[PDB]
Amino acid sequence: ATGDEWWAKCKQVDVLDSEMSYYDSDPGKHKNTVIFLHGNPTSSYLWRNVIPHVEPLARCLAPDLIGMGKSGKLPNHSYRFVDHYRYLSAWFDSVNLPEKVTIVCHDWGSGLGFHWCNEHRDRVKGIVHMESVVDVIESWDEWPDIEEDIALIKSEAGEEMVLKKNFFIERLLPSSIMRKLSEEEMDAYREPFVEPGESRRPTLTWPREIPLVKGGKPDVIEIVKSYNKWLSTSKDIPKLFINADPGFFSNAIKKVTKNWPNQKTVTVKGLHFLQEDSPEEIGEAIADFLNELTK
C-alpha cells in the first residue's frame, strides 16, 4: 500500500487554526469505536495493516498528529507534547465520536492517549498500548540506555541531525523494523518530511520531550506521573499491553506495568515499530480484546 492509496482513504477536518488528516472506517457512527494513535516519526500509515483486522467489528479512526502525516504544519513550529495535545483534543471533539471509545496507542501516541484518557476517564472503554510511555525515567538502569543519545538530540546537533539529515526517518525508523520496508512504504514515511527544515521539527521536538526527571520538561513529567498513578490504580479500566519480542522499551514496560490492574498481555514478534512486523497478530489481539470489553 503506497502512501497515495492510504491517504486517499483518509479525510481532513479543520482543527483550531489548522487541519488534521485522519482515517475513518465508518464516519459519524456511534457503534463500537476504536482510535489508533501513532508516535514519532510515523503517521496513521503505521496502522494500515492492523486496522483491516479490527474494522470488521468496530469503527476505526486513525489521525495524523499535527505536523505529521497529512496534517497541517504549524507556522510557529511549536510541537511540544502540550501543543500536540491541544490539537488532538480538538480533533476528538470534531469527528462525532460515541460516548465511550477504545484507545490503541504507540510511542508518543500513548503519551497523548494516556493523558487524554486520564482527563476524560468517563469516555474510556479500554486502552491497548505498545512500546508506550508508561512512566517517567529516573535512573537509566531500568530502561534501555539512551542517555547519551538524548543528550545529543537535545543539543544543537539535533537541529542538524533531524532538520537537515532527517535522522529519525532515515536512520532510527528502519533500525527498529525487523524486515526491510519496500521503497513505497519507506516513501510513505518520508512524505510528510521531504522538505529539509522546519517540516521535520515534530520528529526533533518529540525526543526532546522524553520524560527524564530533571530534564527540563516538568510539564511532561507532571502529566506522565499523573496518568501513571491513574493507570496503576484504575481497576475499572481494561488494558491490553502488546509486548514486542525482542522490542525496544517492551522489556522495561513489562516490568514497570507488572502490577497494573485489569491488564492482559499478548506478545508478538518485533522491535520498536512492531506494527511493521506483526500487524496481523496485533490486529487480531485488538479484535479479541474488544470482544472481552462486553464483559
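All residue numbers are counted from 1 along the displayed sequence.
> May I ask you to compare 120-128 and 149-157 by their mean CA B factor in the entry and name the higher one?
It is 149-157.
> Do the C-alpha atoms of 227-235 or of 23-31 have the higher average B factor in the entry?
If you average the C-alpha B-factors of 23-31 and of 227-235, the larger mean comes out for 23-31.
> Looking at 113, 216, 202, 211, which one carries the largest C-alpha B-factor according to the PDB entry?
Largest recorded C-alpha B-factor: 216.
> Name the one of 65, 51, 57, 242 with the greatest CA B-factor according to the PDB entry.
Checking the PDB record, the top C-alpha B-factor among 65, 51, 57, 242 is at 57.
> What third of its chain, lowest, middle or highest, does the C-alpha temperature factor of residue 168 fall into?
According to the entry, residue 168 has a C-alpha B-factor in the chain's middle third.
> Which third of the chain does residue 86 land in by C-alpha B-factor: lowest, middle or highest?
It falls in the middle third of the chain.
> Sorting the chain's CA B-factors, does residue 271 end up in the lowest, middle or highest third?
According to the entry, residue 271 has a C-alpha B-factor in the chain's middle third.
> Would you mind checking where the Cα B-factor of residue 38 ranks among the modelled residues of its chain, as the lowest, middle or highest third?
Its C-alpha B-factor, which the entry lists for residue 38, ranks in the lowest third among residues of this chain.
> Looking at the entry's B-factor column for C-alpha atoms only, identify whether residue 99 ranks in the lowest, middle or highest third of its chain.
Top third by C-alpha B-factor.
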